[PDB]
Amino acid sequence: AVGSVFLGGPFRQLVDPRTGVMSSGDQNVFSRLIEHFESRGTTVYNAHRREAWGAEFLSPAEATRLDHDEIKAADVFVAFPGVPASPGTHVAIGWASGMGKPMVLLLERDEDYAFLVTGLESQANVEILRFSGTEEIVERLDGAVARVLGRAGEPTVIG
């Protein structure tokens, strides 16, 4: 049973400038993923919700520090690299892969992602899960987390 996950993904690009928040459709997937885990006993660290989906904006420095602490604390790292790419999320993949964290990465099926993203499959303790909608993710996530979590500590290139 999984104590803690860090859930990451695009943020800045999903904020509506007119409202200063993400739309319910974009919050959709995050909230769905949060519930799923929380209902099962698993603490979810997630910046989108912590920062009221754009309304309670941090300083770059605060935001940077919290994210790195939460990543380091969570048992498993789960994130959406984003199409187009989420700059802050890619920084976080660097952090997590650099700590040898169990990671699950959520990739839109039939979309292109970076070499240094896809190249972590095998190279680190990572599992890629391609998806055409949120329910697919919700169905497959627990298995993906258990498999990566069942390899924690184990040496890897990069780990």
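Residue numbers run from 1 along the displayed sequence.
Look at the mean CA B-factor for 54 to 62 and for 34 to 42 in the entry; the higher one is 54 to 62. Comparing the deposited coordinates for 66 to 74 and 94 to 102, the stretch with the larger average C-alpha B-factor is 66 to 74. Among all modelled residues in this chain, the alpha-carbon of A146 has a temperature factor (C-alpha) in the lowest third. Ranked by C-alpha B-factor against the other modelled residues of its chain, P155 falls in the highest third.
Ranked within its chain, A114 lands in the lowest third, by CA B factor from the PDB record. Among the modelled residues of its chain, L129 has a C-alpha B-factor that falls in the middle third according to the deposited record.
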